[PDB]
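Single-structure report; data block below.
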Amino acid sequence: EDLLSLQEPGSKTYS
Amino acid sequence: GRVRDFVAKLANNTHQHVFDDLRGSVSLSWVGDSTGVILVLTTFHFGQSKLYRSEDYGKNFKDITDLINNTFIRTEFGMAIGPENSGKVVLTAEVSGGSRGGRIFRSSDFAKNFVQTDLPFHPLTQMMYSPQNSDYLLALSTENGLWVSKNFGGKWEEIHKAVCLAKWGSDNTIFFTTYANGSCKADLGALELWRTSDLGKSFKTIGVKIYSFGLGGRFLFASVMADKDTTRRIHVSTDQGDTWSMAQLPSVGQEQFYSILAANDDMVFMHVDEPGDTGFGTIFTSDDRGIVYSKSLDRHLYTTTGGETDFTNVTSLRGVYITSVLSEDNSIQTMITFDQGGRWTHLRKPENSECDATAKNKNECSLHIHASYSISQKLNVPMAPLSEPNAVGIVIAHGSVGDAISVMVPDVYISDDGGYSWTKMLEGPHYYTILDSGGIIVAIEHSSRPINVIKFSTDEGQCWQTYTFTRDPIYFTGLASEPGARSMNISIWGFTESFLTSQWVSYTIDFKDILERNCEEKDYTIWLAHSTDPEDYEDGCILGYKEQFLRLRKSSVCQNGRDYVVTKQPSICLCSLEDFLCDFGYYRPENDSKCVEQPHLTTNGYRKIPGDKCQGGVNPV
Ligand SMILES: *[C@@H]1O[C@H](CO)[C@@H](O[C@@H]2O[C@H](CO)[C@@H](O)[C@H](O)[C@H]2NC(C)=O)[C@H](O)[C@H]1NC(C)=O
Ligand SMILES: *[C@@H]1O[C@H](CO)[C@@H](O[C@@H]2O[C@H](CO)[C@@H](O)[C@H](O)[C@H]2NC(C)=O)[C@H](O)[C@H]1NC(C)=O
Ligand SMILES: *[C@@H]1O[C@H](CO)[C@@H](O)[C@H](O)[C@H]1NC(C)=O
């Protein structure tokens, strides 16, 4: 696949 | 240099909250800005969830789990926070085996009250908001249908049945791809691209034989398979797909890929993997049209199709980027560019550090920075480089000095003029953060044992002081703060040492009494950016113009405030032959700067580099 779109961040996660 | 009597001031402003629940996982989301609403979604495994809401920047939390009526929530999708200041939150629950459709709890008042609805389908992807109007949503069901809602989830309508991928464009326009025979996997390279400006009332076909597509700002990219081979080129359109024009990029094979590293309104950075699994590629930079591409860097680092790269846009200073290259011996190295990709060089060596074993010449080495790749290899790199647009010319990151990125424990280095000069700030890995637009910095040690101390500096990482915030040390887990780097509250998470039964905990510290005074006219100095040689008639003129900021002095201890906005004063510079790039049918001969001809639309002469604002002087058509 080709990454032709910027991937914005998600959510802070911990554990 | 230190201020005194800060211990009591920090002691009064410290708040502890302890969550009574099983230790599973946590998720933190900020709803809007200037509201201080924080939603914490605790989950455990079977299915069981708890929801907490804080209206006070995280100093106190309330248990609103009964609002969602104690139902397990799917954390794979995550919370869908609405765009800008609208306070729209949507959650996705888990349903039984005989359910007709999924179920969502939706709120539109910053999670004060939630409403339960039953969908006609089973959403297989997170809900997406229309940027121009938050009342619109779309999602893909398990059967690959496309459902669009025009009243914020009240009702949905199916507008197609074989959609591979979809995403909002601009002005409430939807782009999606469809397949005919077989699944979306076996039919790759033989898809169609569809557009509809009426929310699925009227459709249109804008492409065929598509391999993938994406949006990169004011550009539309689509990778089209060749008619007789497996090679696929790149087609770019800026008219919502009304008309396409081939881009001047190499046609990659079936074992390679493209990747957009950063896309502005004018320039786009493209990465083209080289044939083979050598592990490196190349970078090209476009022009204002997004069609003509010129080679910028070689042997760029990119692990794999789904891998990671070290490319980083330094937001503090204009036109500064950092990335990692690959040497002849597979020894990674760091390069920096100040001309938006015009030239690349090594990071300047710190003036008061000694080269490590990796450097053969003990009087000649350079600084190297750890990034996503180093974290991937499981090294001691708690964080990647940090920088904020509103904090001018400040960069923080781990790094080591030598001829290649080493494997020893890294230190922390800071630059306060955009990246031209560096200096060691702390020793050993740390978690750092910036508050109040660079007014005060904070850092937490990265250790394998409980910690009960936090460091902070007011002179841009020059003088550090330690504050003991808790009597019972906790295992640190991470820092949290309001996005934008304009607040003064900082939240410190972790979990207590209790061996029989551990628990979560958060400490929030407010620095309102450390920065007692508000900055005045006197507490600002005029600073010229990109300054290298004062003798130059146009010293520090990048892309045709300069900029003179007003920056808070390090000595001045004062608060910028939430309404602070940076000040500037650009002045243009005369154009030269170095402000233009080549067109379709021309190239640059080596050792020269002219653009000669190489041995359908037509071009005459040169083209002006995007982002360049010079005027006057040389103008070769
Ligand atoms: C690199 O980051 C900088 C800082 O965030 C970006 O500069 C902003 O670009 C946007 C989009 O055009 C403008 O609206 C802002 O005014 C810019 N802010 C500045 C210059 O302080 C820049 O676009 C990023 N570069 C790329 C190539 O994406
Ligand atoms: C840090 O958190 C405090 C609350 O703990 C924020 O206080 C708000 O300040 C604004 C601006 O004066 C008031 O209108 C709000 O009423 C305050 N909130 C509350 C809940 O009383 C404070 O603003 C935060 N830090 C910064 C820099 O804004
Ligand atoms: C809350 O969930 C319970 C689970 O047993 C269900 O029976 C009940 O109808 C739900 N209440 C509302 C108001 O939807």
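Within each chain, counting starts at residue 1; across the structure tokens, chains are named A, B, ... in the order shown, with ligands numbered 1 upward in that order.
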Within 6 Å of region 540-546 of chain B, counting only C-alpha atoms, which residues qualify if same-chain residues fewer than 2 places away don't, as a VMD selection string?
chain B and resid 530 to 531 538 570 to 573 612 to 614
Give me the residues near residue 11 (chain A) as a list in words, where near means some atom within 7 Å (using only C-alpha atoms) and where sequence neighbours in that chain fewer than 5 positions away do not count.
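Listing them by chain and then by number gives residues 27, 28 and 29 of chain B.
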Please report as a Markdown table every residue of chain A lying within 6 Å of chain B, along with the nearest atom pair and their distance in Å (one decimal), using only C-alpha atoms.
| residue | atom | partner | partner_atom | distance |
| --- | --- | --- | --- | --- |
| A:2 | CA | B:258 | CA | 5.2 |
| A:3 | CA | B:259 | CA | 4.8 |
| A:4 | CA | B:214 | CA | 4.8 |
| A:5 | CA | B:214 | CA | 4.7 |
| A:12 | CA | B:28 | CA | 5.4 |
| A:13 | CA | B:27 | CA | 4.8 |
| A:14 | CA | B:26 | CA | 5.2 |
| A:15 | CA | B:25 | CA | 4.3 |
B:392, B:355, B:104, B:404 ranked by distance to ligand 3, top pick (using only C-alpha atoms and all ligand atoms)
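So, comparing all the options, the nearest one is B:104.
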Which residues form the shell of 9 Å around ligand 3 when you count only C-alpha atoms and all ligand atoms, given as a PDB file with C-alpha atoms, in the first residue's frame?
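What landed in out_17.pdb:
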ATOM      1  CA  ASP B  66     -23.846   5.637  34.958  1.00  0.00           C
ATOM      2  CA  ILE B  68     -23.519   5.317  29.606  1.00  0.00           C
ATOM      3  CA  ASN B  69     -25.502   2.891  31.782  1.00  0.00           C
ATOM      4  CA  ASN B  70     -22.587   0.566  32.561  1.00  0.00           C
ATOM      5  CA  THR B  71     -21.990  -0.938  29.125  1.00  0.00           C
ATOM      6  CA  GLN B 116     -28.333   6.202  23.392  1.00  0.00           C
TER       7      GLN B 116
END
